[PDB]
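Participant: Below you'll find the sequence and an experimental structure to go with it.
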Amino acid sequence: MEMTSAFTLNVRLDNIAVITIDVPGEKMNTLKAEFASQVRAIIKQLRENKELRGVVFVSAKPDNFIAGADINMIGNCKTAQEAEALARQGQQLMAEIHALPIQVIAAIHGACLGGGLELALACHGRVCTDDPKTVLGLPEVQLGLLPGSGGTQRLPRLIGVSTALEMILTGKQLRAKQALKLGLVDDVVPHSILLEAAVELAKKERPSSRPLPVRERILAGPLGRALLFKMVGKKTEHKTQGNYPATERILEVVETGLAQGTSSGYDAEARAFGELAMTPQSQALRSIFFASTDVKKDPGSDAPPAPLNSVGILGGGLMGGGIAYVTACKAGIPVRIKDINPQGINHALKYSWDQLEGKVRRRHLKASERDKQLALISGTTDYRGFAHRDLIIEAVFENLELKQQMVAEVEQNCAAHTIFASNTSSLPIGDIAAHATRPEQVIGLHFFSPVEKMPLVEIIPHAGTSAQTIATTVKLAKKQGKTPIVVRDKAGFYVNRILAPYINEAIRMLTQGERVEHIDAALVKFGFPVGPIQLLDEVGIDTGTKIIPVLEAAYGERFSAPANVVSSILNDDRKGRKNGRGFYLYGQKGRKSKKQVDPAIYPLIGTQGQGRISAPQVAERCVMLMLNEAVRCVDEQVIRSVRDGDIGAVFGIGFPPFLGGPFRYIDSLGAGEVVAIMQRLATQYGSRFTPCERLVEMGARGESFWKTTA
Amino acid sequence: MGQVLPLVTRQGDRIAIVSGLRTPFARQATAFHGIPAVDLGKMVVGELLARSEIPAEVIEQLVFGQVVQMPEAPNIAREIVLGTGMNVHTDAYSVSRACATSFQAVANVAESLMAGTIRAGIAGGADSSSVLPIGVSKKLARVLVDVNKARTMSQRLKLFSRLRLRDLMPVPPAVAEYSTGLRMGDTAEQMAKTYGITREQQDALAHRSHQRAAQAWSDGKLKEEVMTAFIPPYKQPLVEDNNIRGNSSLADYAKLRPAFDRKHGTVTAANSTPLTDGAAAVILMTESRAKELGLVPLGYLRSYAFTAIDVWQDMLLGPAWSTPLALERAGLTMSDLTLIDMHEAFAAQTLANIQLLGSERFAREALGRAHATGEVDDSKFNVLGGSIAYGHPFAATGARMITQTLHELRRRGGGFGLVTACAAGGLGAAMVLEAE
Amino acid sequence: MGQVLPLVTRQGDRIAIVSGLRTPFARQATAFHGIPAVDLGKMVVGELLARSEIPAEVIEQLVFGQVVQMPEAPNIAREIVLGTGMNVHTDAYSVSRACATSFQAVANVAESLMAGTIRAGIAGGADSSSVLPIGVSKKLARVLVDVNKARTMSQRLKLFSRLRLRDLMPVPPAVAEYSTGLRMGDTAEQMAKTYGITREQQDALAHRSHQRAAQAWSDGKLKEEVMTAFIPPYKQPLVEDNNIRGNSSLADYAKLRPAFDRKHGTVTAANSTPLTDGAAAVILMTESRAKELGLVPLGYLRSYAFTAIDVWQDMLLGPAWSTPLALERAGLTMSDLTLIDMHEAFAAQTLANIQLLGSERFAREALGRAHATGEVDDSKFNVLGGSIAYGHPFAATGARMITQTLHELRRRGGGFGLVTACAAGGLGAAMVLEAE
């Protein structure tokens, strides 16, 4: 009934019929084949009792108008024909709705995403609520998939191609104000009068006045379309490097939709959707999206958490400000800083000021909003007001005795129910706790480079750590809009543990007379953003060595780094951006070129002879060490779940998403074949490439990784 | 009958003063440059609650007054609640009574909660001499009032015909009394001519206060009630008042030409408060509520007085009139006073007050009292320096005396402190502290 | 007495209220054109004093206030004492509270009278919408500060080198909330949109507000509260309010464009209160003092309430929130309430208020009270119309409608009236009258 017929129709006393959208499955109004099926029954019933003013569509749910098309059924498709026909039935149904001669209104509240825009493109009248929660967007190119159903060619028909194409290539979120500004939505009305405002517009009959485009988008088809298509494709290839599908396909389907007609775009959209549904990057993104939803839906600790209303920060500075800026601007929770030097208070406050100042400089936020956001920030040098801080984070130096000093004073000079979070980089959490009144309320929060960039952090409990402490921690990071992952309290934890071999062999090769262009291009071409050397420039060469000495102390020569390079750079201080005088100098003339390389670094480094081999040889050897280490950490289960392990590597470090993550990639690479690949490199180069015991155990047997992967 | 005023609620609980804080003062056109007094008030109160660490829902009312009232926000007190994280349901409104706003701000709040309408209240005041709301001439204002109401386009040009070269010049502000036209120092100068105040003794107290002033920061006792300012540029925080020049000589004071009466006046910049900017606020909240939520009050309240007198002559004698009223309401004695303090508006007016406070005749005839108030012991008189040192942020002047007084009486036995201040328009105000 | 609180003074005598005066309200340009707010108080108070058998020395404190403020005379009440022929030792005092300055000033005198500090006083407020202060651009305010503090001529030209753009013309005042940006009537549209109030559901209340009031002038029932305005030009004296238009039909002004939304603006200018000019003063002085000098009190007082709510959604419900507090403080009932009245600032909103007043749900959840405060009786509601007629001087509308209430209750010969008004920033007030 209405459960199946989620489009429960109702004709009012007037000549206007209202159609609800209430799928009983969940609060998200998703699209199902049954929904596509029963709507034909409803529209046929709508054909019954004709001669009425019009029809309207409502969200009928306080959260969203429509979630979009379900992808689980798309994942159940096998070949192109299933996907081609799936587009075709979508292509026909939208035009069939568009074939109506009366005024059709989509009064949308909340999120309208995915296939809803295709439906929105079908309706002649479109109106949306004024709430910030509502938004319009085509989120599928991020999935490596095109949403071909007619809207991909109706939107450039509806709106200038200058904005339509970037919408398709960069499927994003558009404000109701923005859409009305460009004319996508006919009008914006408050949620209270959202339904009624549609009624008179629906009764208003056939506004046969199509708004004109910018008049610069008429080039689609005639001269200009190819110039636009050439410029975007070349820039995209300059951007995406061509290892991402569903980019040129958009250019093809748009051109044939524009320069060859809607039907020509229709068939191409069906055909392109078919051939692309099984592209290996597609399900790579789909599986990646699955874990992202899974971790977002994951509650972390199974124990119920505790209320969180006030937080403390020990020490200050730029690093301290990063937590402070996020906690106020993102989490919106009161925070107290206790840097003894007011300059440390001054610096952290200045940093958060600068972060918010640019937003207002863009007119992104109101000036009063800054004052409202600045209100959550509090600094001092004493423990007053800290007595009621539920959580405390240290932004202090990593001296162990000082760390045990930190836990003692905060225990002495705060509440008892309060928990403590440690932002360590080297010292173990239980080692940090050591002697503690309530070590179970002490948790390890491995933060990273400027936290506003990467939303990933490490959850590091120790032998004694209350599950509720994690539960509060897990809720907090999510409440901070971040990515909590429980990492076993092990030397190197997970991320920095696996990151060390990456630059290690890179330096080993770089010491053997490698040039900047070859080493840089090798990694960036293999789907790895920001190459190693510029990565070390930004993270800081001083931090480039990090705490890798303990890595040899913990796991032997496998993490050994070559000598007379860290020495050759620490003495002649070249920290990248920490000192500014990295091998990538700034202030170059024009300042419109790649970061220049010093010629003097090569003599400073050993630079043994000249570079050899090729980028794949560099790429294959570098990657396998992470793979050899990624299996290694999960071999002792540093990470609790395989998907948790895969998501961290693909999202935090920057593993190529089109590879689906290393666990997908090794599943994609299969079995001992890649294991066989990594012994020949060991023989020709050295014993750093020894296989992991499980790596041969799984590889030789042909074992899979993504559960029932193969 | 002894006109004593028991300052207790309906239940009989006396009024408690748990704490307060003062924003450090800066001269005009200093680190507090371009900083509206609302911003200074916002930062102090937010920190004060943070320093007080008490819940904001406990506070049931706040009142904030302002000298040099600003046009954009008529009721800045409500603006603070909106500007801060204070609960909106807190009944914020603004007042204005000369320089004794702080005395006024506590008084109306106290009597309201003494009546029992609320249980927790906030009083505060601030001013910023660095920022001025300078306006256009009155005649130009009427023309602009005419033009916006004008209906015809051609009417405006004829309406704009009436213009003058001096009409465009903005009017500078003035400090002289509106109904009198005499500056505050002019009143002090004639009293200096009246009762006899030589510049050397006028300069001597400035030396005494200044030595007491710098020593206070040298002792650093005025730290727990004074915040360290932070500025949005975040170049460097400010810690101490710039006005205090405690390294001075009495001869240096005598090397200034008189300001108002350049012929016989005995007052200069040395013996006159300059224009300083700052903020202050104090929590007003009854002992029963304090005990209920577990705080120790920084003293209590015993009595207070307010008086209005003639503005033409002897206009700055208000505390002298108010003092017996406060003492009679307190049912106490000048001897029954650990510390005595008055607002050091001018050296000329101050010494006359002690003279007049000890003047048997004046109290006998002008006040009609049986005896004079008494002689002011200089040992307990302005122990921590005074207004000729910190400066005059106008509204915060009341609280800055309160903080030091309670702390100084906290530094000693319970005792009884005295706080008085004169005001323009012949307005006098007095208040009596218990400090347990 | 968990909800009812006595309002009786310390001596056991109830609080008498005596006859007061209202300056006849005039539009911002028709009459009182160019008249300041201070002098408006001077005539009304001067004539109010020369209206009863009390001498000037009986009064001991007068508290005024103005929502629109002038930089000169921050305590306008002092010039009231000084400008008029008045005891120069009366506690002159000024406050500031938008749209309810009259109510708060009345409360201030009462609480001062609660302890017995003041035995006879005048409470009121002044408002003039023809002398609006026009400030200069804020950028050209520190430059004026800088040039005032400028030392050398070379620095000034460097300081003046930066003047450019649109810094020349002044900044007109705006009614929009400082931290909300709401024009005080746009928030009325959304409430009407929120609670579904038709433009024809209203515009008849406006008619009945315009009606019952033109009758009142015709009946002259409100003659004893209003003096006859005299203009210094003396072209003509003004006795009857000019704003009132109690002759247009309810359908005559319904044919007007929307005011704010201009798309769904079910409220317009005709069904909104217009700004006018006037002042009011009422003799507040206790029963014993009234009895002993031989003057009849113009009724009495039972209880009062002031309330603040979040100014983001439906902030004009202050009277609705304030009303049960006033009743519970009086220990009375909405049914046991002879005659009521409303500030009636806008169409709708109040219609929503009565809708919300009788809405059991709202008090169940928004106020937590087990029951709604109840509905209203229209016959007992705006018997003489109200602000949609006479006008809306911010500091004068308050005292006005109590004076009309008491005398009408005198025409009704007793009962318990009620007076409420809504204020900007989510502020509301309620107070319960006892006409013996």
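Facilitator: Right, received. Where do you want to start? Numbers count the residues shown, from 1 in each chain, chains lettered A, B, ... in the order given.

Participant: can we go C-alpha only for contacts and neighbour counts from here?
Facilitator: OK.

Participant: ok, which stretches of chain B are helices?
Facilitator: With DSSP state H as the criterion, chain B has helices at B:37-52, B:76-83, B:101-115, B:138-149, B:153-159, B:184-191, B:199-219, B:250-254, B:287-293, B:318-330, B:347-357, B:360-365, B:387-390, B:396-411.

Participant: Need the winner for burial among those helices.
Facilitator: Neighbour counts (mean count of other Cα atoms under 10 Å in any protein chain shown) averaged over each of these peak at helix B:387-390, with a mean of 28.

Participant: Can you spell out which helices and strands pack onto that one?
Facilitator: With contacts taken as 3 or more Cα pairs under 8 Å, 6 or more residues apart in numbering or on different chains; DSSP states H and E, helix B:387-390 sits against helix B:199-219.

Participant: gap between the helix it packs on and the chain center?
Facilitator: 20 Å (Cα atoms, centre = their mean, to the nearest Å).

Participant: now swap in stretch B:131-148 and tell me
Facilitator: 30 Å.

Participant: next one: stretch A:271-282
Facilitator: 22 Å.

Participant: which of the residues in it are buried?
Facilitator: A:271-274, A:276-279, A:281-282 (16 or more other Cα atoms under 10 Å in any protein chain shown).

Participant: Tell me which two in the residues you listed are the farthest apart.
Facilitator: Greatest spatial distance in the buried residues of stretch A:271-282: A:271 and A:281, 17.7 Å, computed using Cα to Cα.

Participant: What are the boundaries of the strands in the stretch 451-600 of chain A?
Facilitator: In the stretch 451-600 of chain A, the strands defined using DSSP state E, counting those that start in this stretch lie at A:456-460, A:483-486.

Participant: Mind putting these into TSV with distance to residue C:410?
Facilitator: TSV is the format used below for the strands of the stretch 451-600 of chain A (distance: least, Cα to Cα, whole Å):
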stretch	distance to residue C:410
strand A:456-460	75
strand A:483-486	72
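
Participant: what would the ones you listed look like in CSV with distance to residue B:159 and mean neighbour count?
Facilitator: Converted to CSV, these look like this (distance: least, Cα to Cα, whole Å; neighbours: other Cα atoms under 10 Å in any protein chain shown):
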stretch, distance to residue B:159, mean neighbour count
strand A:456-460, 67, 24
strand A:483-486, 67, 23
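
Participant: okay, which residue is most central for the chain?
Facilitator: Defaulting to chain A. residue A:651 (7.3 Å; Cα atoms, centre = their mean).

Participant: Contacts only, for that residue.
Facilitator: With contact set as Cα atoms under 8 Å, 6 or more residues apart in numbering or on different chains, residue A:651 has these partners: A:456, A:657.

Participant: Assign it to helix, strand or coil.
Facilitator: helix (DSSP: H, G, I helix; E, B strand; the rest coil).

Participant: How about the stretch 151-300 of chain A: which residue is closest to chain C?
Facilitator: Closest approach between the stretch 151-300 of chain A and chain C, counting by Cα to the nearest Cα: residue A:192, at 6.6 Å.

Participant: Next one: the residue nearest to the centre of chain A relative to residue A:286, how far apart?
Facilitator: As for residue A:651, its distance to residue A:286 is 14 Å (criterion: Cα to Cα, to the nearest Å).

Participant: And residue B:186, by the same measure?
Facilitator: Using Cα to Cα, we find residue B:186 at a distance of 84 Å from residue A:286.

Participant: same question, residue A:310
Facilitator: For residue A:310, the distance to residue A:286 - Cα to Cα - is 38 Å.

Participant: ok, now residue B:156?
Facilitator: According to Cα to Cα, residue B:156 and residue A:286 sit 69 Å apart.

Participant: now residue A:466
Facilitator: Between residue A:466 and residue A:286 the computed distance is 35 Å (Cα to Cα).

Participant: and the residue nearest to residue B:257 when sequence neighbours are not counted, what does it touch?
Facilitator: Once flanking residues are discounted, residue B:257 sits nearest to residue B:268: 6.5 Å by Cα to Cα, 6 or more residues apart in numbering or on different chains. Residue B:268 sits next to B:256-260 when contact means Cα under 8 Å, 6+ apart.

Participant: Strands of the stretch 151-300 of chain A, start to end?
Facilitator: Secondary structure of the stretch 151-300 of chain A (DSSP E, counting those that start in this stretch): strands located at A:187-189.

Participant: For it, which segments count as helices?
Facilitator: In chain order, the stretch 151-300 of chain A shows helices spanning A:151-158, A:161-169, A:176-182, A:194-203, A:225-240, A:248-259, A:262-277, A:280-297, with DSSP state H, counting those that start in this stretch as the criterion.

Participant: Tell me which of those sits nearest to chain B.
Facilitator: Among the helices of the stretch 151-300 of chain A, the nearest to chain B by Cα to the nearest Cα is helix A:176-182 (27.0 Å).

Participant: What's the local residue count around residue B:262?
Facilitator: Using other Cα atoms under 10 Å in any protein chain shown, residue B:262 has 11 other residues around it.

Participant: oh, I was asking about residue B:168
Facilitator: 12.

Participant: Now do the same contact list for it.
Facilitator: Residue B:168 touches B:136-137, B:140, counting by Cα under 8 Å, 6+ apart.

Participant: export the buried residues of stretch A:271-282 to CSV and tack on distance to chain B?
Facilitator: Output for the buried residues of stretch A:271-282, formatted as CSV (distance: Cα to the nearest Cα, whole Å):
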residue, distance to chain B
A:271, 58
A:272, 55
A:273, 53
A:274, 56
A:276, 53
A:277, 52
A:278, 53
A:279, 53
A:281, 48
A:282, 48
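
Participant: For chain B, what's its nearest residue on the stretch 601-710 of chain A.
Facilitator: Nearest residue of the stretch 601-710 of chain A to chain B, counting by Cα to the nearest Cα: residue A:652, 33.5 Å away.

Participant: what about that residue, distance to residue A:12?
Facilitator: Residue A:652 is 53 Å from residue A:12, by Cα to Cα.

Participant: which other residues reach stretch B:95-106?
Facilitator: Contacts of stretch B:95-106 (Cα under 8 Å, 6+ apart): B:63-67, B:122-125, B:284, B:394-399, B:421-424, B:429-431, C:74-75, C:93-96.

Participant: Pull the distance from it to the chain's centre.
Facilitator: On the basis of Cα atoms, centre = their mean, stretch B:95-106 sits 8 Å off its chain's mean C-alpha point.

Participant: Any idea how far apart the tips of it sit?
Facilitator: Per Cα to Cα, the first residue of stretch B:95-106 is 11 Å away from its last.

Participant: and chain B, which residues reach chain A?
Facilitator: Applying Cα under 8 Å from any Cα of the partner chain, we find that chain B lies next to chain A at B:46-47, B:50-53, B:83-85, B:230, B:232-237.
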